[PDB]
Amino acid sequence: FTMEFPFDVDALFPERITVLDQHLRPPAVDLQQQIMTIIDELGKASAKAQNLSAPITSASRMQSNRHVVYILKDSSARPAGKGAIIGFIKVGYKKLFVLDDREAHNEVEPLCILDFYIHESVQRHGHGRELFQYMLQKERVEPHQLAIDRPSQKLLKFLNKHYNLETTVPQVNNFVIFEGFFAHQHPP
């Protein structure tokens, strides 16, 4: 994944952030396969960045799940003149059982952050925050209401910096939640 593709990304994705679900509908010569290729490459790049041995995001996985992907295109002009993709965030609701600090197991169904990647060359340029903000607005969720699948330390630093999030009770299910998640807690 280099950000660029052998087709015109700006024609494919007219909006700065494009939101796609299991149907992978092109915004309105196979445009859908262009989208599938972008997702495949993004997923492989994210996996490599997180030291995973295989992708957790792919076109086929999008088609077989109830996840939603937000894709950020590059709003600058590129020399090759066919646009570029910066990165993505993938979310989905999941049923979980989580332990609080009062010994209770709580059945919950929060929005979860499932994958999140910005191309290495343009990390720390604010793109991650932009994408995260757009997702929060569209999903109508606040950051402390989220669960995250096995977050990287980079993401924990990001969330503390931008949203003052602090992790709360550790779980046995590979998800992380933050202070404010439970009804008796208060967000930052």
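In this text, the rigid core denotes the largest set of C-alpha atoms whose superposition between the two forms falls within 1.5 Å. A residue's number is simply how far along the shown sequence it sits, counting from 1.
Positional deviation of Cα atoms in 5 other deposited structures of this protein after core superposition, greater for 103 to 111 or 82 to 90:
The more displaced stretch in 5 other deposited structures of this protein turns out to be 103 to 111.
Quick check: by Cα RMS after rigid core superposition, does 29 to 37 or 129 to 137 differ more from this form in 5 other deposited structures of this protein?
Higher root mean square deviation of C-alphas in 5 other deposited structures of this protein is shown by 29 to 37.
As a check of understanding, is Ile71 unmodelled in at least a third of the other compared entries that model its flanking residues?
Comparison shows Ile71 kept in all of the other entries.
Which class describes the count of deposited residues lacking coordinates between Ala28 and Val29: none, 1 to 3, 4 to 9, or 10 or more?
Going from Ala28 to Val29, the model skips 10 or more residues of the deposited sequence.
If you average the CA temperature factors over each stretch, which comes out higher, 177 to 185 or 4 to 12?
4 to 12 has the higher mean C-alpha B-factor.
Could you check which stretch, 135 to 143 or 43 to 51, carries the larger mean CA temperature factor in the entry?
According to the PDB entry, the answer is 43 to 51.
Among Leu96, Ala80, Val91, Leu72, which residue carries the highest C-alpha B-factor recorded in the PDB entry?
When the deposited C-alpha B-factors of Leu96, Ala80, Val91, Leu72 are compared, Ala80 is largest.
How does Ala104 rank on Cα B-factor within its chain, lowest, middle or highest third?
CA B-factor rank for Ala104: highest third.
Considering every modelled residue of the chain and its Cα B-factor in the PDB entry, is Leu24 in the lowest, middle or highest third?
It belongs to the highest third of the chain when residues are ordered by C-alpha B-factor.
Based on the entry's values, in what third of the chain does the Cα temperature factor of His127 lie: lowest, middle or highest?
Lowest third.
For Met36, does the deposited CA B-factor place it in the lowest, middle or highest third of the chain?
CA B-factor rank for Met36: middle third.
Lowest, middle or highest third - CA B-factor, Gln63
It belongs to the highest third of the chain when residues are ordered by C-alpha B-factor.
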